[PDB]
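First the structure, in the form of structure tokens, and then the observations on it.
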Amino acid sequence: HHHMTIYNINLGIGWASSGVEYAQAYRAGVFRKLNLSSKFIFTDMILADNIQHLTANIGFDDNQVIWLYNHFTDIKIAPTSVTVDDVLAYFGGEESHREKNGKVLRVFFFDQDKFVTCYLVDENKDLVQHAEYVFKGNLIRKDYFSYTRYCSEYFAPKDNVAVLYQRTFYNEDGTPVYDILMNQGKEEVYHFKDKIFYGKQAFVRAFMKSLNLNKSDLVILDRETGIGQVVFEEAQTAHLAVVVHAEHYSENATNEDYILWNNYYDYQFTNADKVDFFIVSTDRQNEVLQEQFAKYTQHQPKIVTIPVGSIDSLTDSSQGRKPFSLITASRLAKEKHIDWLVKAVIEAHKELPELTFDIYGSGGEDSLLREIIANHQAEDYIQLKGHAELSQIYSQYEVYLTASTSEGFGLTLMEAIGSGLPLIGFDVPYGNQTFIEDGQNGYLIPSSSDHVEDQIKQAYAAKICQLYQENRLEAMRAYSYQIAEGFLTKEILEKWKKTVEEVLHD
Ligand SMILES: O=c1ccn([C@@H]2O[C@H](COP(=O)(O)OP(=O)(O)O)[C@@H](O)[C@H]2O)c(=O)[nH]1
Ligand SMILES: CC(=O)N[C@@H]1[C@@H](O)[C@H](O)[C@@H](CO)O[C@H]1O
């Protein structure tokens, strides 16, 4: 490549990803619009799914995607198109019968000692994402497929448990490119046939060098656990930007003489002299971080404010908004405190029996949330919707609720106001203070460090009730759209263009 390329580095991606991954997807949308060459690199081993299925889901174009382990081969990022028949060709013939159970297809043979389990992309299609080969009860090999087999895993029995010892990655023609020798989940040795790498760091270094980075390239680092030093070192011949996503230090641990950074930034902040610029989503975080660099460190890095999201256009309700309908959208994670919202809604429902509350997202808090709902017999008006595509969802509702105690930005807050939702949330930095004008487009609720649950639920309940009882909904929605005009894609393109124009040239 001769053209400027923007390389973006993250660990992983899933069906129900965090805002970090969605922010990357927003950024990809911007780079496409600016007709700029970009790559989004993921460094995690992802085998449970075809990585292309995940990236396409979130909206990356296939040619914007680099997967670390695939990169050294000539197999392109692609959807799974291998069939059951294609799969069975890798294993010996003579099928006796099958068993199907959803996506799990087990193919039995007359050789009673062997069977193949296929894991289908779609229960009602014959596309096979990966397959498992079992001999006399023992798992021996797993193959992984896109348009051909790109990876095999090799297993041997120990105490009757299958132990992974080797992973091999292939080229299109079926020849192996490299083997990873495994030890209890650690990728210890990467054997490239004519050379060898010891440890993932060395492997990632080789990857970085394989990019042939030019001075006019930009490396943007989103997440970096395990690989920071190698990325930092190899990015010096290009330009290096670090995106700060969440709150970046611990207030409770910090005092006049000592600061405790967020673990995901400690490395980057310690070595800020190696970073060309940091990116933050709000000016308040910008100023906070700048001050802390001056107060606690010997660095004075460049820090630019670029929102991680933008709104293409405001979205109007297409068929109207259900009366008294409430929405929240997040990972079901402790730091979002959706349980406080559920209890608040149960309470407000005493005064407004028409209230409903839909909860979008996935996460380990689902068990607690179901328990609270069951305990109050609230199933008919409070529901978990799962992780969904939200673009058409928000404008079907009246008001958005958040009990998150901290947001670097909060993409669902931006998305919510872009669809004309008033917001009710805690008066906490940074996102809530960016997106909520108390009394104009919703309410900011004072937060306390002791976090008394009874007080919290009473406050949210009171505020929800007040919005409806004082007839504030029309005015607040209108004000949300007004705030949202400050977060439109047109503005953001210019911010990126400007930043890109400054890394290109000087
Ligand atoms: O059911 C859901 C819930 C969330 N999201 C997306 O996940 C991202 C969450 O980002 P945010 O900044 O709100 O929270 P984070 O997960 O970063 O704390 C947003 O872009 C949402 O649109 C989604 O697509 N479907
Ligand atoms: C809890 C928290 O701070 N989450 C931040 C979010 O506010 C921000 O929108 C996103 C994308 O930058 O990074 C997140 O993970």
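Here, residue 1 is the first one in the sequence, and each next residue gets the next number. All values below come from the heavy atoms of this structure, side chains included, with hydrogens, waters and symmetry mates left out. Order of listing sets the numbers, starting from 1, for every ligand and every atom in it.
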Quiz item: After noting the C-alpha distance and the side-chain angles of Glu501 and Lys497, does the key distance pass the salt bridge (charged side-chain N to carboxylate O under 4.0 Å, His left out) rule?
Solution: CA-CA 6 Å; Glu501 278 164 11; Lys497 198 173 163 73; 3.5 Å; yes
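- The closest protein non-hydrogen atom to atom 8 (C) of ligand 1 is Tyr22 CD1, 3.6 Å.
- Counting only heavy atoms of the protein, atom 20 (O) of ligand 1 lies nearest to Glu415 OE2, 3.1 Å.
- Nearest-residue assignment for atom 11 (P) of ligand 1 (options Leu411, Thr402, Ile359; heavy-atom criterion): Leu411.
- Contact annotation: the side chain of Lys33 approaches that of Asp312 to within less than 4.5 Å [non-hydrogen atoms, C-beta and beyond].
- Two residues are said to be in side-chain contact when any heavy atoms from C-beta on lie closer than 4.5 Å; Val243 and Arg27 meet this criterion.
- When only interatomic distances are considered, the shortest N/O to N/O separation between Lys336 and ligand 1 falls below 3.5 Å.
- Looking only at atom types and distance, the side chain of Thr305 has a donor-acceptor partner in the side chain of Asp283 under 3.5 Å away.
- Against a heavy-atom cut-off of under 4.0 Å, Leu411 is close to the following atoms of ligand 2: 9 (O).
- With a heavy-atom cut-off of 4.0 Å, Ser406 touches ligand 2 through its backbone alone.
- Scanning all protein heavy atoms for the shortest distance to atom 15 (O) of ligand 2 gives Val20 CG2, 3.7 Å.
- Residue-to-ligand polar distances keep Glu335 apart from ligand 1: every N/O pair is separated by 3.5 Å or more.
- For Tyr400 and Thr412, the side-chain atoms include at least one donor-acceptor pair closer than 3.5 Å.
- Residue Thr412 has at least one heavy-atom neighbour below 4.0 Å for each of these atoms of ligand 1: 13 (O), 19 (C), 21 (C).
- At least one N or O atom of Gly19 sits closer than 3.5 Å to an N or O atom of ligand 1.
- Both tests pass for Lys463 against the ring of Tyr443: distance under 6.0 Å to the centre and angle within 45° of the axis.
- Checked by distance only, ligand 2 and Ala246 stay at 3.5 Å or farther apart across all their nitrogen or oxygen atoms.
- Side-chain contact of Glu351 with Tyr468: a donor-acceptor pair under 3.5 Å is absent, judged by distance alone.
- Taking only nitrogen or oxygen atoms, main chain and side chain alike, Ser281 does not reach within less than 3.5 Å of ligand 2.
- The protein heavy atom nearest to atom 3 (O) of ligand 2 is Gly408 N, 3.0 Å.
- Here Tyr249 contributes atom OH and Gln292 contributes atom CD; the two are 5.5 Å apart, rounded to the nearest 0.5 Å.
- Side-chain N/O atoms of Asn10 and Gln24 include a donor and acceptor closer than 3.5 Å.
- Remark: ligand 2 atoms within the under-4.0 Å shell around heavy atoms of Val308 are 11 (C), 12 (O).
- Counting atoms of ligand 1 from 1 in the listed order, those under 4.0 Å from a heavy atom of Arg331 are 15 (P), 16 (O), 18 (O).
- Looking at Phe203 and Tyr69, their side chains come closer than 4.5 Å, going by heavy atoms from C-beta outward.
- The distance criterion of under 3.5 Å between nitrogen or oxygen atoms is met by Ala388 with respect to ligand 1.
- Proximity of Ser18 to ligand 2 is not established, as no heavy-atom distance is less than 4.0 Å.
- Near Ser18, the atoms of ligand 1 lying under 4.0 angstrom from a non-hydrogen atom of the residue are 16 (O).
- In this structure, the protein non-hydrogen atom closest to atom 5 (N) of ligand 1 is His387 CE1, 3.5 Å.
- Using modelled atom types, one finds no donor on one side chain facing an acceptor on the other under 3.5 Å when comparing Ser317 with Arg477.
- Given atom 9 (O) of ligand 2, the protein heavy atom at minimum distance is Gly410 N, 2.9 Å.
- Less than 4.0 angstrom separates some heavy atom of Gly386 from each of these atoms of ligand 1: 1 (O).
- The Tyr360 neighbourhood of ligand 1 comprises atoms 1 (O), with distances under 4.0 Å to a heavy atom of that residue.
- Of all protein heavy atoms, the one closest to atom 5 (C) of ligand 2 is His245 O, 3.6 Å.
- Side-chain atoms of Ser448 and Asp450 include a donor-acceptor pair closer than 3.5 Å.
- An N or O contact shorter than 3.5 Å is missing between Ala23 and ligand 2 by distance.
- No hydrogens or angles considered: nothing links the side chains of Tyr267 and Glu224 as a donor-acceptor pair under 3.5 Å.
- A donor-acceptor contact closer than 3.5 angstrom is absent between the side chains of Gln129 and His53.
- When hydrogens are left out, the protein atom nearest atom 7 (O) of ligand 2 is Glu407 OE1, 2.6 Å; that is the closest non-hydrogen contact.
- At a cut-off of 3.5 Å, with distance as the only test, no side-chain donor of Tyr381 or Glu354 sits close to an acceptor on the other residue.
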